[PDB]
């Protein structure tokens, strides 16, 4: 004990028993001081060697280094004064205490080690770390105990040790200041990712991220603001590490499966089990630094339920000394800070390990593709290979994200049952049972929902398709007044969809009701079975409240045991797919020898190559040797292995025997164009430098100059627009810039038109062509290019037939003639969704939720009364009545909590379905009623999207989330009411604490969205590049630029690593700040019980605090929801924006026309002026003429703008400022829009018929009958197709009119008008692209069937215009002409000159 060494008492148990106690001094001066000094000395050698070895370069000494190296020596100055006083006291004739000997001295030894440990620090990247910071903290905390003894003795007035005292009150204070300086991390800006420059403290609190969040709110972020990942995380380093391990295991894996074949010697499958051991040996380091942070969190969590037992008991008995309680509340905060800092780290080490696995597996795929044997690259399809890296590998990231739960669950479940078994006896088995039964019920409902989602997915697609069509043809719909009819079809589709949404929603709400009522049921069943079973069991606050607190912990793990066991059974499948592609046998190119010593560029030695492993070789025993520059064209009978030679050339086929050697680089251009997506220059440059002359020299030969320049982009033009022919040149063009020695091009100009081919023959294969030096082998079937060919060779059935001079080919006495013969604030947004649900439902829903809370606050109070009764009747037997009344009332109090949540939840669903219906029905009505201008300005794509994703967002997401915000808020406010009510003064603290929670939510929420778009933008490229390489694999392997591709993935995977990692850290910054709010509330509230203990009963502490403890999870949850609800609600804003878009004009008016109005047959104009746009000048002005009645009428708009407008005016698609006669005329505004459009009839310029049944296409409203339609079909000669089809008039015309023929499709529209029966009908430049053959029948019908009718025809072809009896040409914003056509020819005027201009 060294009590004699101390010369005083060491451990007096009696010292702490009395109230107002203190630890005996000898303990504080000796055992405690050994703790920190021992820590600092035991682990200094290890740490000093680390810096001694690493020895990175030193940095400028800076002031922080000035102070932490000035104060630390000063602590040695204070140690110094103490040392001497003992020795002066030896001259004071006293027995100086032996502790007073070593204790000042050991310090000198320790303080010295600290000055050395600080020096080394300027020589390593982490300034302060796991060893100095923890030493300091242990010293200030362990040291507090002496500070208590000494201050107390001085307050009494003992001065025996005043001298020692000033030193300890001086050293402790500086000792704290060294911890403060240690927190700061020097602001060297050498690391952009500040993580490399951080102290144990800062990192522990993830405050380095403070800079982005602070600035994120200020302005939008850029791929640039996220700092780059650290090099050890970059793709280059990781792949390397991963690569080494797979090789070793596979070799063994192959060895053992081969051993299975060796077992076959003792007597499909690819080596397996390699993928798993590799992903472990490679990452075992990060693995053994996460098991441990979890063992600290799982063991620390169970301390908090147990300390609560002490605050409850301490309050219960007035006697317990004031000190025990004040110590338990401080102890609470501690175990609430440790758990937090440590769990958040188990997230960072584990969540980032997941990213590592993802990157390693993803980019160890790109590399396998560029060397995979083509033999089995065939089995995986091209889309499927993209999957191996964007679906099956992303699943391996998810399992690793939650891998540790597999043992954490078992532990945090097994310990939790133990503590309950001790606290409440064997009854706790019943309570866990409801938690078990919940798992099967939660699952079945989920399966039922997924069925309904799938059946509903189809209905959605049908509507989307109809929608695409309506918008695509808005002009036509207006022309024939078919819009009202069309709306109905969309609605009938919506009705089926809305009925399904309600049925899923009711079910989703039968899951939220079970989560929210598993906390309640567990309590009634657990407490009741125990009390009722034994009349010797009495519930007390210490048992009940602690058991409740424990339950909340078991509920989280027990729920997860189902999710993970399923996720880790899906992963065995993703691993098997990646365990074959990565393990695939690679291309062996033993047959082809790439070498520089053969005499000729191309050599053959009776080599054989086969497309399939045992299929007969397409090319065998062939021998061609070619000198450089020898342009050779080989034409072989198709199916003679001709295509195969190039395949053998680049190494693609398998080899029966022999070799083919190539000398120089090879540039190969394949038959099917493959285009990397880029601007025109990029696709051509293909990883080479830019030179002005070479580019122009090549481009001019491409002669794509006018073709590309006429196109708007030029170099800027982007291939998302290009026909096979338009870019066929590009496929050859890049080859030209490449300038590799031998070019093997295939069917190069066959796709191109012959005239281009002949000019191009000169450009690349020309005797004077840019490749005249180049040795080129082209295989093609055109002899246009044959005249300048240096050698011509033929090969048949994989056996060469002819070769040598082209002229010799002309007379070889073989089959040349046959060869010739083979010729071939802002609250408004929220207000709208709210106004839509129906404010009246909104009041009832909020009120039942509030009634969930009035029950909640209430239930606890009754439970508190139940427990408090124990004090009064325990010695008795508890009157059996009281036991029963008490058991029952909690029972009902719980059910009420249920009736109210469930009414709230069903009434909500009918509220969301009813919300969606009003929004859609309104959007369709405005968009359908919109003017044409709306449609012209907006790209149709946006309008489809609003009715696509946005109506979807307002159906299955924003509606579900809004349930949690309100619920979680009622929850939070419920607890602060239990705390303010019991201790009134706590109310003041809520105002400061709440403000922190408003600010932390605004910040985290704002930035997480800005980085919420960015992760998505850079996720897409990684998937696309894998596609482009797979479709361009032969080219990229052949023009040997593979290593530029392998290194274009590395930047692309890396831009994702930086955004994803930056996000995974914004989440750690929310958790730490919000948890401090959760712990401060529990600690400040718990002390408040002790300051005001005099009155508080024992139980009140139980309810306020046990509920207070769970303030932590809910606080974060709400910030998470206030995030998704904020982002999703943009969707209600957009749907509302198009509902408020202009409505053009009343469909119908009061002055309906006399019913016989259309029979008039005459039309007039007065000073007509029509704005091209309201802002722009009117296209037509001063238009005045009365057209002929029931007669052919001719109007020429050719060469004149406004030819299109005149039809638009007549059907009044557009209203106009000037020119008007209401009924016998053009001010049809008086009669109303449908009234005018219905009584006029037009046939469109381009035939468009909306998809549907034939009868619907001709008459959507179904206002005619077949007796009539059939006859009309006959008038257009359409009896044959309809009579022939078995369905006939109901034969549904498939989409795009795919089923009908092009001529038949056009004929249908002609039939449409014939049914219309209105004389004032307008034709529409019918022959603009139409052939006369089809036009012949058209001419016959208007000529005969539209007899004596007011046919106003606007036609491009003038000869057709001649037929109309009278003509009124219009041009120059005026009535250009009003003369009969024969008179017009005679008149000397512009029209007659145009007749001369056109050859008429």
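Residue numbering for chain A follows Swiss-Prot; the residues present correspond to positions 1-267, 303-755, 760-863, 962-1537, in that order.
From the backbone N, Cα and C atoms, a Cβ is placed for every residue, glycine too.
These come from Swiss-Prot:
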BINDING   671, 672, 673, 674, 675, 676, 677, 678  ATP 1 binding site
BINDING   1334, 1335, 1336, 1337, 1338, 1339, 1340, 1341  ATP 2 binding site
DOMAIN    322-605  domain 'ABC transmembrane type-1 1'
DOMAIN    979-1264  domain 'ABC transmembrane type-1 2'
DOMAIN    1300-1534  domain 'ABC transporter 2'
CARBOHYD  7  N-linked glycosylation site
CARBOHYD  12  N-linked glycosylation site
CARBOHYD  1011  N-linked glycosylation site
TOPO_DOM  1-27  topological domain 'Extracellular'
TOPO_DOM  90-93  topological domain 'Extracellular'
TOPO_DOM  148-165  topological domain 'Extracellular'
TOPO_DOM  335-360  topological domain 'Extracellular'
TOPO_DOM  566-587  topological domain 'Extracellular'
TOPO_DOM  993-1033  topological domain 'Extracellular'
TRANSMEM  69-89  transmembrane segment
TRANSMEM  94-114  transmembrane segment
TRANSMEM  127-147  transmembrane segment
TRANSMEM  314-334  transmembrane segment
TRANSMEM  361-381  transmembrane segment
TRANSMEM  438-458  transmembrane segment
TRANSMEM  462-482  transmembrane segment
TRANSMEM  545-565  transmembrane segment
TRANSMEM  588-608  transmembrane segment
TRANSMEM  1034-1054  transmembrane segment
TRANSMEM  1098-1118  transmembrane segment
TRANSMEM  1235-1255  transmembrane segment
Taking the recorded ATP 1 site as 671, 672, 673, 674, 675, 676, 677, 678, identify the other residues of that chain whose CB atom sits within 8 Å of the mean position of the site's CB atoms, giving them in sequence order.
679, 834, 835
Should residue 1340 (ATP 2 binding site) be counted as helix, strand, or coil on the basis of DSSP?
helix
Is the topological domain 'Extracellular' (335-360) packed against any residues at least 6 beyond its ends, judged by a Cβ distance under 8 Å, and which are they?
18-21, 366-367, 370-371, 373-374, 377, 447, 450-451, 454, 576-577, 580-581, 584-585, 588, 1223, 1226-1227, 1230, 1233-1236, 1238-1239, 1242-1243, 1246
Around residue 1341 (ATP 2 binding site), how many other CB atoms lie within 10 A of its CB?
13
Distant-in-sequence neighbours of the transmembrane segment (462-482), which means Cβ under 8 A and at least six residues beyond its ends:
452, 455-456, 542, 545-546, 549, 553, 556-557, 560-561, 564-565, 568, 582, 586, 589-590, 593-594, 596-597
Flanking Cα pair residue 267 / residue 303, between which 35 residues have no modelled coordinates, distance in Å:
19
Quick check: of the recorded positions listed here (12, 674, 1011), which one has the Cα closest to that of residue 1334 (ATP 2 binding site)?
674
Nearest to residue 7 (N-linked glycosylation site) in three-dimensional space, by Cα, is which of the binding-site residues 677, 678, 1336?
678
To see if you understand the setup: which same-chain residues, six or more apart in sequence, place their Cβ under 8 Å from that of residue 1338 (ATP 2 binding site)?
1316
Considering only the recorded stretches 69-89, 314-334, 438-458, 545-565, 1098-1118, state which has the highest number of Cβ pairs under 8 Å to the transmembrane segment (1034-1054).
545-565
Can you count the other CB atoms that lie within 10 A of the CB of residue 1339 (ATP 2 binding site)?
20
Mind checking which residues reach the topological domain 'Extracellular' (1-27)? Cβ under 8 Å, same chain, six or more beyond either end.
95, 97-99, 145-146, 148-149, 152, 356-358
Unmodelled stretch of 4 residues from residue 755 to residue 760; how many angstrom between the C-alpha atoms?
7
Between residue 863 and residue 962 there is a gap of 98 missing residues, so what is the CA distance across it in angstrom, to the nearest whole number?
75
Counts of helix, strand and coil residues, the topological domain 'Extracellular' (335-360), according to DSSP:
20 helix, 0 strand, 6 coil
Using the Cβ center of 1334, 1335, 1336, 1337, 1338, 1339, 1340, 1341 as the ATP 2 site position, which other residues in that chain lie within 8 Å, going by their Cβ?
1507, 1508
Can you give me the same-chain residues 6 or more apart in sequence from residue 678 (ATP 1 binding site) with a CB-CB distance under 8 Å?
785, 818
Measuring Cα to Cα, tell me the gap between residue 673 (ATP 1 binding site) and residue 1336 (ATP 2 binding site) in whole angstrom.
51
